[PDB]
Structure formats: C-alpha cells, structure tokens
Number of protein chains: 2
Amino acid sequence: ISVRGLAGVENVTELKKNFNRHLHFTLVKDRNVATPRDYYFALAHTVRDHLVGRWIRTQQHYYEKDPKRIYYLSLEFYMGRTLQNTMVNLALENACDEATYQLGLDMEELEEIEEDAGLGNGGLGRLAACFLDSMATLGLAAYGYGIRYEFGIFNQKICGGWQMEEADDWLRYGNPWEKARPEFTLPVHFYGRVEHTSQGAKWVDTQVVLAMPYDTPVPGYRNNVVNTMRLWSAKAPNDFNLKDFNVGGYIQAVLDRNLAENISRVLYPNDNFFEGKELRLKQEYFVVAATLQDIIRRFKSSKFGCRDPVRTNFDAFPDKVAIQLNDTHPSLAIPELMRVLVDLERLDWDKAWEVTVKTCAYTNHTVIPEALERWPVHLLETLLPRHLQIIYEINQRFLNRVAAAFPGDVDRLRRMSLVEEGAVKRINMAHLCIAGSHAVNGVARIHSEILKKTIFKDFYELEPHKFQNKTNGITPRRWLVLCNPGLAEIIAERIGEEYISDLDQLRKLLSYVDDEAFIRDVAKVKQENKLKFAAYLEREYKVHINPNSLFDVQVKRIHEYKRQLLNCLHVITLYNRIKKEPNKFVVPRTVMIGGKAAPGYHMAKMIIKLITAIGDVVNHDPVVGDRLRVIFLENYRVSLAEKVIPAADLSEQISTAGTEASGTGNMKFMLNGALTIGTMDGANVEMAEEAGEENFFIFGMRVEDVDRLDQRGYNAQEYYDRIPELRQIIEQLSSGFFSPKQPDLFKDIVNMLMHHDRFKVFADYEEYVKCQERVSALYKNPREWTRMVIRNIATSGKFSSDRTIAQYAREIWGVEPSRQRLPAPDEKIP
Amino acid sequence: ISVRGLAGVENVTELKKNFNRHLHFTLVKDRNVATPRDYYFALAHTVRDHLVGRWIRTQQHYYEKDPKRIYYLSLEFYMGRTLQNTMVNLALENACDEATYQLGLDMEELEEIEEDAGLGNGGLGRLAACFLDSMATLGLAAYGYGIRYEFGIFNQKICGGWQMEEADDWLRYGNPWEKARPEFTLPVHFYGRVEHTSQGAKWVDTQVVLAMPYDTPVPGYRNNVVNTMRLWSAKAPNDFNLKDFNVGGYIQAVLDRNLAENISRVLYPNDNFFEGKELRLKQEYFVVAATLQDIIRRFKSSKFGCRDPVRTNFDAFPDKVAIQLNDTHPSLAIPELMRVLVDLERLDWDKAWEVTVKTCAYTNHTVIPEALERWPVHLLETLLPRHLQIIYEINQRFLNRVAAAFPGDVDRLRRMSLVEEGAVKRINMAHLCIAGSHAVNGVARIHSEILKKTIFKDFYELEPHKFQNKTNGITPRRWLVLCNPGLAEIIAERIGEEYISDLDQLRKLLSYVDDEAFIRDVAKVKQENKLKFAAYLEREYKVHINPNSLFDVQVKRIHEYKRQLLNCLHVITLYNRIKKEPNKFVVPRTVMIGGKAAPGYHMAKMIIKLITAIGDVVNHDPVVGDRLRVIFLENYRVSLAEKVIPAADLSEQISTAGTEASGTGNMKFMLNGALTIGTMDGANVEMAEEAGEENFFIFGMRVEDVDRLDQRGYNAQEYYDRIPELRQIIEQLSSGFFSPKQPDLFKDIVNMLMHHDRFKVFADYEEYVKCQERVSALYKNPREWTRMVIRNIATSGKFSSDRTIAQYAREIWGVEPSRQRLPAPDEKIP
Ligand SMILES: CN1CC[C@H](c2c(O)cc(O)c3c(=O)cc(-c4ccccc4Cl)oc23)[C@H](O)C1
Ligand SMILES: CN1CC[C@H](c2c(O)cc(O)c3c(=O)cc(-c4ccccc4Cl)oc23)[C@H](O)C1
Ligand SMILES: *Cc1c(COP(=O)(O)O)cnc(C)c1O
Ligand SMILES: *Cc1c(COP(=O)(O)O)cnc(C)c1O
C-alpha cells in the first residue's frame, strides 16, 4: 500500500478490538447509532492509547537521567490535526488503515473529521509546532509551553466576496489528545503594589488567577520518544472571587469569575502586528509566570532535591535549564526570573542576572516596526508594578555598560535604552530581550545580517558574540510523508526511508535527474495530487477548475508586505492580454490565492475583496474560457495547506526584499515539487543558493535596490506614466470595471498604490510579469519543467527543522541531539 | 463482610486489571506518582464501565418495546456522590472492596474524594434524586431533565461564627459519570417579537442560545435497568454571537459569548423562596424549551415514525408521554407545548389544549407566599412575547369556564385569574399549572388537604378530580443500605434482603421487639455509628464531643419557619437550668444544628450566628462540663447527611404546624434509628400515625390551634410575661450575655420574636421543653428507648420513594411498575 508501516496480523486484530472497546465503553455507542464522528473518536482513542506507554517512560527516563531541559516558550502553537501525524510517527498508518477497512470504514473519511488545533496565526505558530516535532525526533528533553485558548484563529467565511469572522470552537466535541492536570494548578498574580521592607521588596495586595495545565504528547519519529506540550488555562479562585465581601450579590460574584478566565479565552488574530491591549499583556505574563514556577519546581527536584552541593545553589540553573523565547511575546520571563531569584530566593542582583542571561535566548521574527512590542509604562505600572521596577533597574545597569563602552556617546544611550521617551513612555521588549539573553538569532541569513546592520546595530557593536542566525525549517514528517505519501513513496523506492529523519539524503535524487522512469513518476504524483485537489474543490466548495492548467498558488496571511496585490496586478494583466488577442495561445493557469486577514486590518480585507472581484469578472468571461481561473482559497489553515501545497506547480513568494524575515511556506512548496517565483528575500535566497539560481525564478529589486530607491524617493507615478499595461489596470480599478455597482469601491487601494505604497508594488511589476512569462515557457516543456522540479526537491534537505533544531541545540542550548531509539514502549508497571 | 454482594474470584481479578488499565491508559499515571484522587478516578471509571453495557441495552430496549415515557422536569437534582450508590445497585461493593484491598488501597478513603453533585438546595432537589432511583428500580421508562450548573449550591464556611459562601466548583477535576452529547445540541430562542401573518403567528427576530445535553446513567437496584438523567448546558452559537457585524470588536464579540452561557452557570441558592430575576426566568425557559424538543423528536420516531395511522396525529401524544412538573419552576412547559403544537405543528387550539392538559401534571411543594412564583408581565413581555400571548389566551378561556360554572361570582373570577392586577401585573405560575395539568398533587396528606381547603379552594371547587396527594418518600438504597450498612445487615440477618426494594417488609421486625439479641444489636450499630461520627468530627473539623451523650440533631436549610430558633431557646434553657443547679444530674446531650442559609436571607444568617454564639458560651463553661455541647454542623449537604443521620438519637422536626408541606429529612431519621420530637406538620403526622403516637414525641399547636391564635391575634408579650424561664432568655440576648463585645448584636432576633414572629416560636416553647424532658427520661432507660426505636424502624416502610413512585405511576402517569430484571448486561454488539 506504501511505506506507512507494516499491517501485522496480530496488530490489526488488536487494533480492531480496541476500536470496538472505545466505541462501546468510551463513546457509549453501538454500531447502530454511531456516526462518522464517533468512529473518528474511537480511532483517536485507540491511537492515543499507543503512546501513553511511551509518554510515561519518556518522562520517567528524563527524571532518572536528569539531562538539561529545553523550555520553548511561545504564545502560539499552530498544531493542526494530530491523528495522522501520530500514526506516522508511531508507524501505525497501514495497520490502522487495514483495521478500519476490515471494520468497513474509510480511514481518510474519518481523518477529515478531526478539527485543527489552530492555536496560532501563521508562520510563528507553525514554526513552534515543527520545532516540537523535531526536538522529539532528535531526543531532546524539551517542553513546549503555551496557552490553551478555547478559541483559536477564527474560521474565515467569504460573504459577498468579503471576509466574515466566526469563532473557532475547536473544543466543542472535546479534544482526545490532551490530558487535564488540575493537580498541578499554579497561582499567577496581577496588580497589587510593592512594599519595601527591611530585607527586600514584596509584591502585595495582588489579584490571583489560577493556571491549570493541560498536557499533549509530542511523539518523535519512530524513536519511542514522547515529549510534552503543556498549555495553561485560566481559572478563577473560589475564595476572593466570591470572598471579598460587603454587598454586590452572590450570583454576580460567581458570574464575574468569567473575567479572570477571559485570559485564556481567545487568541489575538494578529499576524506580525502589535496591538497594545491589556488583555494581551495579561496573557503574556500569565504564560510566563506559570511556566517559570513549573521550571523551578522541576529544577529544585533534579538531583539537587536529593544532595549535590546541598544548598539551593542556582549556580547550576543554566546547566540544567534553557528557555527559548519565541519572539518578544514571552519577554516578561526575563524580569520574572529576576523577581523570583531576587525577591523570593534572595540571591544578590548580580548573581541572579548572571543566571538569567545564561539561561535565556531570544529569537527575532521580523524587522517591521508595527510588529515591535512597545508596552506603555502606565500599563506595566498598574498591572505589574514590581516588574516595571526590575526593568528600570536592568535598564539602569545596562546603559551604564554602554556609557562605559562608548564614553560621551549620548545619542547611543537614548537609542539603546529599554525605555522610550515621547508622547507616552514605553518599554521596548526587543531591547529587553537582547540585554537579558546570551543569544539572539535571526531566522534566515539575510534577516540575521539585516539585524546586525540595522535594527540592532548598536547592540551588535556592544556584544557581537550574542548575535547568531538559525535559518528556519519545516518538519519532513507532516510536510512530506503525511501530506504527500505518493511523492514520499517514489523517493523511498529509489533511496530508502532514512531521509525522513535525514533530509540531506535527498541530494541522492540528483543522480536520477535524467532517469526516464523517475521523471515520469515525479510528474505522475503531481498530476494525481492536482486531480485530488481539483476534486476536493468541487466537493466542499463547488465550482470547477481545470486540472490540466498550471496551478499558480500564493497562500499565506494577507499582508501589504506579502504583496498579494502584486499577484493581482499580474492576474489582471493576463486577463487584459487575452482580451486583446483572444485567439492567441497562452499556457492555461489556475491562480489560487488564500489567506486570512486580521479582523481590524482594513487594507488586508480590501485586498481579499479585490481578489474575489477579479474572479467574478475573469471566471465568467466566455472569451477567456478555461485558460484563466482566479480562485480565492477560503479558510486557509494547516489542514488546507496539507492539501494545496502538494498540488501546486508554482509557489508565489513575492514579498518586498528585506521584509519577509524568512518564510516557511516557501520551504513547504519546494519539498513538494513546486517551482518558486520570488524575490531575493528571507530564506528564498538560501533556497536559490541551494538549488542553483538557474532552477529558481528570481526577479525584482534586491535589498540594496530598495534602499537606493528610498534615498532617491519612491514615486509610483513614474511607473504609472511609463508602463501602459500598468496604467490600463489602474484605470480599470478606478473606473469600476471590477466593481460595477460600486465604481469607487477600490479607491483606497488605488490611492495607496499611487501615493503611500511602503512596499513599492509598481517598482517590481515589470520584472515580475517578465519572469512569469519565463515560467509559462518552461511549463510548455513538461520534461524540462519536471527536471527542474527534481533539482529543487533533491536540494531541499537543508530546510528540515531537524537541521535547525540541531543548530539551536549545539550553538545555543548546549545539548547534543541523538537519534537513539528509547527502550521500546513495553508495558511495565512499577 | 456484609451483604454488599459477592466477592467472586473471577470478578475481583477482572476488577483489578481494569483498575490498572484505567490508571495507566485513562489517567496516564503510574503507581509511583498516583495520588488518592487518581485511585478514586481509576476506580470510578472501572465501576462506570460496568453499567454502560446495561445503559445501552436499557435504552435500546425502550426503543423496541416503545412504552409510555415519563419525563420528570426539575430545575434541581440533588444527587450527592455516585460511586458507592452505583456499586450498591450493581452488587459490586464487596468485589470492589476486595479488589482495592488487594491493590493495597482503602476503598472508604477513596470514596471520600468524590465531590457531591450539589445541583439542588435541599428537599425539592433531593426528592427528584430519590425519585430517579425509584423509577429505575421500578422499571419505568423515565428521564430526568434539568440544567447542568457548573456551580451548584455554594460551599458554606463559618468565619467568626458567620456563614461565608464560596463557589462550588464541582467539575474542577472532571465528572467521570456524565457523557457529553454535543451531537444532540438544540437551539433555544429568547426575545424577538411576534408576527401575525396569513396562516398563523410567528416568533421572529429571536436571540439563539444552544442547549448541549450531558447524560448521566441512573441504575435501578439490581435489575439491570439504567435510565438517563439529561442535563442541559448553555452554549453560544458561533455565528450571530460574532456575525452581527458593523463594529464593536472581534475580541469583544468572542468574550461576550459568556453572556449566553451564563444561563447554566450557577444554581440560585434559594430554598422555598421566589426571586424574580431575569436570569432565573431564562434558566426556566431554557430547560423547558430544550426538553420539549427532545420529547417531541423521540415521539415522532416511536412507531408513528414508521407507520401507525400515518399522519402526525398528536392524539396519541398523551398515551406515549407524561411530563411531571416538579413545582412551578418548569411551568413554561404548558405554554411552550401549546406554542409548538399550535404555531409549528398547526393543530387547532382546542385539540392542542386537550393534548397539553392530558400530558402535564403538577406537584406543589409549599403553601408559603414568598415561595410562590409570580412573574412580572413586563419581563415575560420582553423575554417571551409569544408565551405571554398564549398565557393570556389560556387565561381568557379558563375564566370563561369559571364564569359559566359560577355565574355572577365576580370576585371568584379575579381570584382565579392567572393574571394578577396591582402595582405591577404578574402571572401566577401556580394557577397556570393547575389549569394546564390533569393532576395536581400535594406532598403529604395534611398539605394536600390544606391545598383544597385554602390556597387552591376555588380551583378544587371547579375541578375536584384534578387534586390528589402523593406523600413523599426517600430511597432505602442510599438512605439505609448505603449510609447504614451495619443496620441493614442486622435487619437482613433476621428477615432477608427482599426489603431493600420492598420496605413494607420492615414490619416483620415488629416480632423482634422483645428479642434480647436484636435489641442489643440495634443498640450496638447506633453506638458504632456515633463513635464513627464523633471521630469524623475531630478528624475534619477538630474539637471533641462525648459519644455517650444523647445526639440531638436538627439538620436542614436555615429558615424562620423551620424554627431552628425554637431549638436555640431550648438549648439556652438547658444551659440556664444547669447553671442554677450545677450538681443535679441531667442526661448529657450533644445538640447538633446544621444547614445553609440563602445568601440574601439576613434573618437566617443571624440565626447561624446565634447558634455559634451559644456554643461559644456553653462549650467553654467549666461548670457544664461534658453534659452539654452545642455544635453547628458546617456545610450540611447530602454526603454529610449520610454521616450524621445514622448517628442521630433525636431528630428535630419542629416547624410551625401547617408550614412544612412534607419534609423528607424526617423520614431519613426514622429509617435510621432516631426517635422524633416534632409538631403535627407535614409527613410527621403520617409517621406518627404509622408508628403509633405513643412511639413519637409530639408537641405544640396543631394547624387548628394556629388558626385560632391568628383570629385572636398573636401577642408574644403574653408568653414573655407568663414564663420566667423564657423572659430570662430574652433578657440574656438583649443584654449581650451571648455577644459581650457587641451587646446589641442580636437585637433584630429579639425584636422579631417579640413583635413580628409569623411563626409563633413562643407559642410552642412551654410544650416543647416539657416534651424534651420526656425524651430525656426515656433515654435514661436504654432498653425501652431502643424498643421504641425498633417500633419506628419497623414501621417506616410506607415512606420509601418506591411506594410514592408506584402511586404516581398508577394514579397519574398511567403506567405499571415492574420489578422484572432486564435481560442481563451481557456484552452484545449489533
Ligand atoms: C497606519 N495604519 C495602517 C493599518 C495598521 C493596522 C491596523 O490598524 C490593524 C491591523 O490588524 C493591522 C495588521 O494586522 C498588520 C499591519 C501591518 C503589519 C506590517 C507592515 C504593515 C502593516 Cl499595515 O497593520 C495593521 C495600523 O493601524 C497603522
Ligand atoms: C420581609 N422580607 C423578609 C426576608 C425575605 C427574604 C429575603 O430578603 C432573602 C432571602 O434569601 C429569603 C429566603 O431565602 C427565604 C425567605 C422566607 C421563605 C418562607 C417564609 C418566610 C421567609 Cl422570610 O425570605 C427571604 C423577603 O425579602 C421578605
Ligand atoms: C507554513 C504556514 C504559514 C507560513 O507561510 P509563509 O508563506 O511563510 O507566510 C502560514 N499559515 C499556515 C497555515 C502555514 O501552514
Ligand atoms: C433530605 C435533605 C434535605 C431535606 O430535609 P428536611 O428536613 O425535609 O427540610 C435537605 N438537605 C439535604 C442535604 C438533605 O439530604
């Protein structure tokens, strides 16, 4: 059937009875009233059973051996579905496929019932998920810590061509994967005030909110390692949240508990955008405060909570603990670690600071200013009074270091301060992170260089040793084996299975680039994937597409910097050219654009409307026929990505040079047989460098060109004046050609393009359409298109998150990865 | 060990492995980190497994045979713990005891970990629970329908002698007994308006709230029948509760979902008191609206949803459905049934009314005015516009019936109206219930008579056939076998086990009233129970009591009508007499008073303080020694009742004659070997009648005496003037003898007693203390005290809820009870 594992005789039999056990005893149903959802659940519980044994021994193992622990703090974990991924990592896929088949059920049908765990916005959250998978596969004692939102990223609906948001009630039917651990609930404090008494400061009169943990297992790839992802949920205490007496109403008090519990209610749906709301700050401290208590508790046990030098010497803390800050969201971990060490453990400031810096590391994800977290001092002042004091003290000591290093450089002083003066004083969380971390890394070579040359230039000059680079990656399990079994199979047929946990081995495929059989196969799986997607499209969304056309797709969050607008200009250009010479042959294309817009991002929502507006015109023009279709992919999310990416021919990665720190969707398309048209931005640079620029479709300005244009001054009118095709498009938009009933509907888009385009869409237009013409030429030559595809696939090995994690491990955490199988799962009950 | 079932070799072995299965796979724990709570859960899941098989076949059975279904609607189900009760009804207690013993665990220790399901205030909620147990034991196709409150009755804490309330987060660690059934979620409507169009009225522009059901199994006593209790939970839809667009904030919209969900958040903590709050009305409609949809859906299937006369003829509705309204709380079921039949099914009014009346029956629980539900018309007008219209129409037609029956009786017309004029117009829910039900019953003979003679005299004259009586009862399983195994054993030793489901057989014990062995035994188990309680007291609450004294207990909700105050007067009298003649012998007593006060009931809270204030003085007077202790039993609830009742010697049932409709605590004490001191009120009358007044300690005014006093006019001063002992007590309270630091602390109590005592505490004082002297005399004669106890126990058979349910079944529902064992639980998987 494929290499989804063995369908053993004893195990298929064992699976079936357990499926039946759960359907009866767990779901309390009988075959005569069970629905597909019930069957999905019976299966999930059956699969979940297989890793608890391993989960228990893995955690017991770490307790015995006591290795250095890695704590990955993130406010986002974009997990997606977990049934298939679990089967894959446990080598259960075929056995399960067989067992459900014999029970008369279609496993694929049941998998579609699982709800996505959408606890993330996009790239940042998905990276955390890929990292968790790699850390387990590399046998690291790692823990993912976050927040268990009861409502994840909103489900996107398109009404009248506009995006409608609706709550993502992903827990509605329950989550079979998590395990509530109410016995490990921890208290988190808010508000209050600081008392300075005799021997130290005291944080007093605080409001208490409880943090209840929920654990989800993270299985490594076929190595019997099962790590833990601990997500915190907010709960109101039953006392004060009722006991603070003297009238108000007993009923009201109880109803008001959903005020403390709102902290973990919903994920902020902003991608690369900072919104300074109090609720967000509460969420950030909540995850940090609870996590750190858990980390220290575990440490106090270790082998120090037995003997060792005897005397809680936190001198060894950094030798046993590593905390990775995914962006600045969990930045309060730095002043919180100090607070605990100084205020509670009573360590001297300098010793505490030494420990803090040595255990914390920070990962920067973007350079755009509106993504930068700058919290108003009055907010921190009211909510976290002691932390503000600690931050001022950290700032004080840091600036003294700067002054000593650059005597008289007064402007440098204000530039590096963690405190920004002005309208309202604010705290720069990025500066906080750099000062309190021993390592700061960018997510792609170009991005890391930009950090040193621009945004954090002063900090790099002060401590060059802190700055590093760790190019992002994606997990080959979910992003190849899981979503593209067909491709994984033909690759395995030639080079074996060892590449699944050693992607570099994909290079061996280079020697099949002229193999007639392989070329035919690679091309066949892509055709099958396209036919499958084309069917899914009519199944769940309904309105046909041609599977013989070039599948041109751009899927990612809607952003001005991502330039979905540039894509739109090209689509309209294609349309206008066909209308000019109807009977001229052009390579048929199905351009698919999908992605969610943050609810308050007006321009992003306007772009979605433009996309659907273009499709309304183009898709119903008889003269165009099936040569051009414009489709907006609704509710783009992890599970949808697993469907479109394997079906794509052309991957659109066209952000303005210097704006996309790295990107990861780009890597997903490369691994799945799509060719890339993009700018020299983020990881694109490293991808072209790995495959050879001749096997990549690069166009547009480079970072330097953008800077040159800025010195000069960007004037869109110029491009409008010199390019007739461009002029024609802008006039079509302006006149209502794409919005008959509301002729001025797109005035904001046009106005922006012409007068305030921070991302110079027009500047890359000419080179973009020219490059697109080259893609079409090559597509007309199936054999050569496929050969270039093989060159990309064979050279994508570097982009596996296993490589990324191995680098973090060695160059930042100080731990050694290992591909050693944990001593089987075997029963055991001590 | 006792007759808690057989500890079979194969089953104890089977139990142990399943306990281990659950500890490993379900709880994901290993013996090295498992805590008593984990062990309790492993056991609960193991026991829960044993009834799913039966649960499934019972429900399948009803589907095949299609008997008339009984729907018991109640806003309260005071269930308590369910582990032990399940073991008892499944005959698993000994096997489980053995198995956990071999696993090295103390089953009794684990049982204490289970949280009470306190979804009720007291009597009314506990009655619903006893009824569910009896209906299952009598093989009735019955369903209990209610609301799944996430917060039940508050946990009571005594601080400084005052009651403090704190949220009852009973779901904190999860509920192993329930099964969420999200697939059966139903929508409930609120607000909106009524459109009268061509062919009928339409309820439009409503706000939708979803009702998600949770099912809990209700096992019958050893007959393999497992019925269902379906509790509804409120959930906000994901659309409109987000989709009603045009600014406000996406985040806010999501947070605002906890506005629709507040409906099932908390139980109103009022016992026999009406609070006209909108949230309460919403709860009442919520349970009614969801339940009725479920009832009709099931009906449409039956055997009509196959063939029969073919044509949804609701003519057979009353032949297949019976809806019992537990008090007026679910009264909206009447106009809701009409709404559905008329507005949706399009039946003519008269046919719909015929069906409604024939399927509905109402149970009245009290005659006190402040418990009467009178909803303001403006509230129903805004929240349920169509129901108000239907109620006016029902009223209209009903009054026309009255006018035709009593021509010219204009005052009768206004008296019987469902609409009350005055300050604000209100709807009398009790009148609604009588008009739309074919049966109305009181809960004890005297209460039922009072209803016909007073409160509902006009209605009784109109339709005498509607009025009935159904004396309350308690289940002998939980209230004897479960809480008093020792007593159940010695009884079984002489007459067998058949009495557990046939309490009348207890009469056979009369022939052992002179048996020397039995007398010694009955007395021994009572002594063991007392020693056990006396230990529990120091264990969990700490401060010693003497197990050799007479255990004088009054446990029930704190009320002015229940007269805990009268008890207080007696206690103070005892104290004053000892202080007067210290060296005179008196029978030692431990008087225990426990019960919760509604949070807003000031007087009730003042009484609790008085009780603790008396104990402060009495318990620390050296001269008193161990002859008199006054203890306030904290957090009285079902699980605590299971502990004190079996340990009691004297049961205090002293409400003012005519105020306690029935009472059930009184029956619990009679069954467990306590003698009763009480007034001729509620069921007390029937209890004395069953045991013989010579074996009961009756005192005080009868209903007639109370009425006589009212004609005359009650003047407390008179009693104050003629009874020195009483005068001395009132002056002690007035002067601060019991509240040194706050001398006027009890001025409200004294003022009330002297000027506005609606319950004439003083009028029964003399006869009360005189009667108490008779109890002490008899206690001094162990042998005779015990012989009187045997006369009470042997004659309590009539008070089993099996008898009550058998009467409801035959005289109201039209179904025949059956003690036939359902065809085993045996595996099966169709
Ligand atoms: C001037 N104004 C433009 C819109 C912007 C804004 C909003 O008002 C609301 C939003 O939800 C977003 C968002 O999600 C991303 C970005 C963003 C992110 C990176 C680069 C450029 C931009 Cl415009 O901007 C947002 C902010 O008010 C400043
Ligand atoms: C005059 N006033 C007295 C208090 C009463 C009241 C409250 O203000 C608040 C409450 O929670 C209760 C309660 O639980 C029971 C009874 C009650 C019930 C039956 C008979 C007599 C009484 Cl007093 O009364 C309550 C109401 O405001 C009328
Ligand atoms: C991989 C992924 C992303 C990130 O895509 P980029 O193109 O790097 O912005 C966003 N959303 C989902 C659903 C993803 O799978
Ligand atoms: C039985 C019971 C009641 C009812 O007691 P009465 O004395 O009839 O008022 C109230 N609360 C609990 C916990 C009960 O078990």
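By convention in this document, chain letters (A, B, ...) are assigned in the order of the sequence lines, proteins followed by strands, and residues within each chain are numbered from 1.
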**Student:** Given the options A/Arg257, A/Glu165, A/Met212, which has more heavy-atom pairs under 4.5 Å with chain B than any of the others?
**Tutor:**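 Top option by heavy-atom pairs under 4.5 Å: A/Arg257.
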
**Student:** Between A/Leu27 and B/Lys179, what is the shortest heavy-atom contact and its length?
**Tutor:**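 Nearest pair, atom of A/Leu27 first, then B/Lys179: O-NZ, 3.3 Å.
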
**Student:** Side chain, backbone, both or neither: which part of A/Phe154 has an atom under 4.5 Å from a heavy atom of chain B?
**Tutor:**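 Interface part for A/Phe154: both.
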
**Student:** Given heavy-atom pairs under 4.5 angstrom as the criterion, report whether the side chain, backbone, both or neither of B/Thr35 touches chain A.
**Tutor:**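 Looking at B/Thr35, nothing touches chain A.
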
**Student:** Should we say atom CZ of B/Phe184 is surrounded by more than 12 heavy atoms from elsewhere, each under 6.0 Å from it?
**Tutor:**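 Atom CZ in B/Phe184 is crowded, with more than 12 foreign heavy atoms closer than 6.0 Å.
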
**Student:** Given heavy-atom pairs under 4.5 angstrom as the criterion, report whether the side chain, backbone, both or neither of B/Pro830 touches chain A.
**Tutor:**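 When you check distances to chain A, atoms from both the backbone and side chain of B/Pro830 fall under 4.5 Å.
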
**Student:** Is the shortest distance from a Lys or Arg side-chain nitrogen in A/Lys29 or B/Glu183 to a carboxylate oxygen in the other one below 4.0 Å?
**Tutor:**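 Looking at B/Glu183 together with A/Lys29, the answer is yes, because their closest N to O distance falls below 4.0 Å.
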
**Student:** For the pair A/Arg48 (side chain) and B/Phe25 (backbone), establish whether a donor and an acceptor sit closer than 3.5 Å, ignoring hydrogens and angles.
**Tutor:**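 Such a contact is found between A/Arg48 side chain and B/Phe25 backbone.
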
**Student:** In plain terms, say whether B/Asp169 and A/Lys235 are close enough for a salt bridge, that is, a side-chain N and a carboxylate O under 4.0 Å apart.
**Tutor:**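 Looking at B/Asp169 and A/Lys235, the cut-off is met.
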
**Student:** Quick one: closest heavy-atom pair of A/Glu166 and B/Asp239, and the distance?
**Tutor:**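 For A/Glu166 and B/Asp239, the tightest heavy-atom pair comes out as OE1-CA, 4.4 Å.
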
**Student:** Any idea which of B/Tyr268, B/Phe245, B/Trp55, B/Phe240 has the most non-hydrogen atom pairs under 4.5 angstrom with chain A?
**Tutor:**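 With the most close heavy-atom pairs to chain A, the winner is B/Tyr268.
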
**Student:** Do B/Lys828 and A/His24 have side-chain heavy atoms sitting under 4.5 Å apart?
**Tutor:**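 The answer is yes, as the side chains (C-beta and beyond) meet within the 4.5 Å cut-off.
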
**Student:** Are any non-hydrogen side-chain atoms of B/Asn262 and A/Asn258 less than 4.5 angstrom apart?
**Tutor:**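 Yes, side chains in contact.
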
**Student:** Mark yes or no for whether A/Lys243, through its side chain, and B/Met164, through its backbone, hold a donor-acceptor pair below 3.5 Å.
**Tutor:**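 No: the side chain of A/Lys243 does not pair with the backbone of B/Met164.
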
**Student:** Measure B/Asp49 against the heavy atoms of chain A and call it side chain, backbone, both or neither at under 4.5 Å.
**Tutor:**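 Both backbone and side chain of B/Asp49 come within 4.5 Å of chain A.
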
**Student:** Determine whether B/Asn238 and A/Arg172 make a side-chain contact, defined as any pair of heavy atoms from C-beta on separated by less than 4.5 Å.
**Tutor:**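 B/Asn238 vs A/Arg172: side chains touch.
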
**Student:** Against chain A, label B/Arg37 side chain, backbone, both or neither, depending on which of its atoms sit under 4.5 Å from a heavy atom there.
**Tutor:**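 Looking at B/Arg37, nothing touches chain A.
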
**Student:** If you compare all heavy atoms of B/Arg31 against all heavy atoms of A/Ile829, which two are closest, and at what distance to 0.1 Å?
**Tutor:**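 That would be CG-CD1, 3.2 Å.
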
**Student:** Would you indicate whether the side-chain heavy atoms of B/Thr26 and A/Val52 approach each other to under 4.5 Å?
**Tutor:**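 In short, these two side chains do not touch, never coming nearer than 4.5 Å.
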
**Student:** Looking at chain B, which one of A/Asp215, A/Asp30, A/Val254, A/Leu279 has the largest number of heavy-atom pairs inside 4.5 Å, strictly under?
**Tutor:**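 Of the candidates given, the most pairs with chain B belong to A/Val254.
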
**Student:** Select one option (side chain, backbone, both, neither) describing which atoms of A/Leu23 are under 4.5 Å from chain B's heavy atoms.
**Tutor:**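 Neither; nothing under 4.5 Å.
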
**Student:** Are the side chains of A/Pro269 and B/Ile251 in contact, using a 4.5 Å heavy-atom criterion?
**Tutor:**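 A side-chain contact exists here, since the closest heavy-atom pair is under 4.5 Å.
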
**Student:** Is any side-chain heavy atom of B/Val28 closer than 4.5 Å to a side-chain heavy atom of A/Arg181?
**Tutor:**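 With C-beta onward as the side chain, the pair touches.
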
**Student:** Taking side chain as everything from C-beta outward and backbone as N, CA, C, O, which of these in B/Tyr173 sits under 4.5 Å from a heavy atom of chain A? Side chain, backbone, both or neither.
**Tutor:**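 It is both, since atoms from each part get that close.
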
